Structure formats: structure tokens, C-alpha cells
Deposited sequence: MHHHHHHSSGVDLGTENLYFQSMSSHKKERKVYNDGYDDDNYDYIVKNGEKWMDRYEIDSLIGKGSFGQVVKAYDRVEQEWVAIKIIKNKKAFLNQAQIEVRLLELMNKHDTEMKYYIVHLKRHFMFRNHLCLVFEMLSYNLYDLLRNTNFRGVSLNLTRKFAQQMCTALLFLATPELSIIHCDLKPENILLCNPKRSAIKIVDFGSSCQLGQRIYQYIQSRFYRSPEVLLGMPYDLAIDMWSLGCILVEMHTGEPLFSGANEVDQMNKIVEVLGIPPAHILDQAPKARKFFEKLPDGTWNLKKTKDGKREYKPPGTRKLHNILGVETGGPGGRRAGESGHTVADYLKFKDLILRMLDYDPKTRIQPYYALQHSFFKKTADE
């Protein structure tokens, strides 16, 4: 494979210490994915640490990373401070038959941050900082010129700028697309997958807002809100919390009958284990009246019952079954949860 530079996964065989075009010193492998690999590297010329995404030597992944480059460069054009919520692509190059995207060095992802809490979660105040940033990021992506659906929002794709501050950025637009297809694809990571995508329905930018609602509850509680072992398990766990989706959704939904039954009266219920629909209140998951998740926030700053009530309101508005009425980023940012 490739004058010996590639393994049988078409990945570049990374050597710690290697120097590239007399410029970059590869320090280590920090990241792996379907796309290929990510390495930490020192740019001798600019005197800075960088993350290089090394794409696989296969034409599908090369073509997809070309779409990623296009989108990142489109975003970088914009003369707004909102584009600083998206990881900066400095430049790209072909090297030993691999496309390489050079990024700014960021820090840990939000999954690492949860592992650092031993999966008991971060304060409501830190959740709020992350939420403001993520809603701004989504307000940016929903700019008409852009209309980018990220399509894979989850803790693992949201990184800290540095381990000392609360600043974050979204990475990995490899699964992204611009709005103007309205077709079904098996997309989003299962825990963060919108009901429209579960139901085989066409999707728009609202799916990133679904994923964000799920992420913010998990940041605070320490655990995924909806941890499905499969699509049926996933929908069933959503229905435990949010109850039966509206009939006007299910009537139009190609995969409605994978999870639901239409009854003779034209109402729907779960098909043929689980708590009855809507019995797992977000009110209780958040511990609104009981000192927050598992009572662990009992008498703490900015953990009042009213604070939890505003958070709950915002989350339930992000977890709307109906993509038409699901809160849009502008309005999310005007929510009283952010009046601190």
C-alpha cells in the first residue's frame, strides 16, 4: 500500500517524530474516525501547534473532505465574530497521496470533560455558557448564504479552545451538507438523532437543535438523556420522556409503523420493558424541586428552582417533536435562561 506509507485501512501510518515538507513535525496521533486520522504537529514556519486531519487514501473520503474544505472556507469568508465558534481551517495540502487539513490546535472534547466529572456532570452555570455558544454557532450556520446542517452534533465533536476557559468550538463538518435536498438518510449519532430522522422523514437545520437539547441535559446530569441500543429502543426512550408524537407527524412519517400503531379512531400508540409514555418527566431527571440531578446541587449558586424551571423550559422547546415549531437559535438566545 502506497510505497509502504498506508495500512490496509488506507490510513497513513503515522510515525511520531516525522518531519513533513521541512515544515511540520508530527508529535502524535490524537484522533481517529471513518475519514482517517488527526495528529498534533508543530508548524516550524508559524511557530505554533496545529491539528492535521490526515484523510484516507480512498476517493470517497477524499471527495467528502473536499466538501468539508469548501464549507469551512465558505464559513471563514464571513465578516462576523460568530464564526469563532467554528474550528478554523488554516490551509490544506496533498501529501503522500493523503489530503491533509491543517486546523488550529484546540483542547479536550465535552466527552472528556464529562469523564473528568466521573459522569456526574458540570454546574448549571457552565452548562449555560456552553449553551449560549452552541446556539450562537447554530445561528451562524443557519445564515441563508450558509444553511449548513452539521448532522453529527454530540459531546465528542464539541472541543474546548483550552483546558482553562469555558470557550468552545464545533469540529468535523465531514458529515455536513447545505440545505436543499429534503430526503431521508441514516444520519446523526443514535443518542442525538432527531425524531424526523428516526421516522424516515426529510430533514432541515432543526436536527442540530434536537441534538443540542440532548447534549445540554447530558452536560448537567452526566449521562445521555436518550441512550438507545437501537432505533426502536431510541424512540421508546424519547416517548418515555416526551409522550406520543403528534398524529400530524406520524401520518406523514414513512417509518411511523416501525415504532407506532394507528388505532381505528385515527390516534396512534406504541407498538406491541418501558415506563408508560411521558412518565419520565424532564422535571424529575433535572431534579428541579430536589436539588438538581440526584440531589447533588443542593444549596449552590445559580441552582434555584426558578433557574431549573427556565432550563427545563428551554430544553423542552429544543426537544419539540415538530421541526416547524422547534425553537430556532435566535429565540433560544433570547430565552430567560440566559438572563443571569
> Where along the deposited sequence are residues missing from the model?
Replying inline: 1-32, 305-310, 379-382
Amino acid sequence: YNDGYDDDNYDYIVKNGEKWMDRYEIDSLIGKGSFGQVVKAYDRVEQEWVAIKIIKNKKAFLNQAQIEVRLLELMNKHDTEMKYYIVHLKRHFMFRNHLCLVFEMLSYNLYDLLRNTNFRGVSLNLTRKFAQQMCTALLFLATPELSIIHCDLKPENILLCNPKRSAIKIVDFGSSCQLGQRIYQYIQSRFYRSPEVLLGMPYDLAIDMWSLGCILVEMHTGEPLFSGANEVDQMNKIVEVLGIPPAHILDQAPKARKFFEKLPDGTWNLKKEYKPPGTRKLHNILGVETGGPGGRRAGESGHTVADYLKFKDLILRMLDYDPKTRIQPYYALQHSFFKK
From here on, numbers count along this sequence of modelled residues.
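Between two forms, the rigid core is defined as the largest C-alpha subset superposing within 1.5 Å.
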> Say the other structures are aligned on the rigid core; which stretch then has the higher CA RMS in 9 other deposited structures of this protein, 259-267 or 244-252?
Replying inline: 259-267
>> Given a rigid core fit, name the stretch, 55-63 or 301-309, whose C-alphas are on average farther from the form shown here in 9 other deposited structures of this protein.
In response: 55-63
>> Tell me which stretch has the larger mean Cα B-factor in this entry, 96-104 or 78-86.
In response: 78-86
> Quick one: higher average CA temperature factor, 182-190 or 232-240?
Replying inline: 182-190
> According to the deposited entry, which of 288, 54, 314, 62 has the largest Cα B-factor?
Replying inline: 288
> Per the PDB entry, which option out of 227, 147, 157, 252 has the greatest Cα B factor?
Replying inline: 252
>> Test of reading the entry: by CA B factor among the chain's modelled residues, which third contains residue 200?
In response: highest
> Within this chain, which third does the Cα B-factor at residue 14 fall in: lowest, middle or highest?
Replying inline: middle
>> Quick check on the deposited entry: does the C-alpha B-factor of residue 22 sit in the lowest, middle or highest third of its chain?
In response: highest
> Thinking about Cα B factors across the chain, which third does residue 210 belong to?
Replying inline: lowest
> Going by what the PDB entry lists, where does residue 220 fall on CA B-factor within its chain: lowest, middle or highest third?
Replying inline: middle
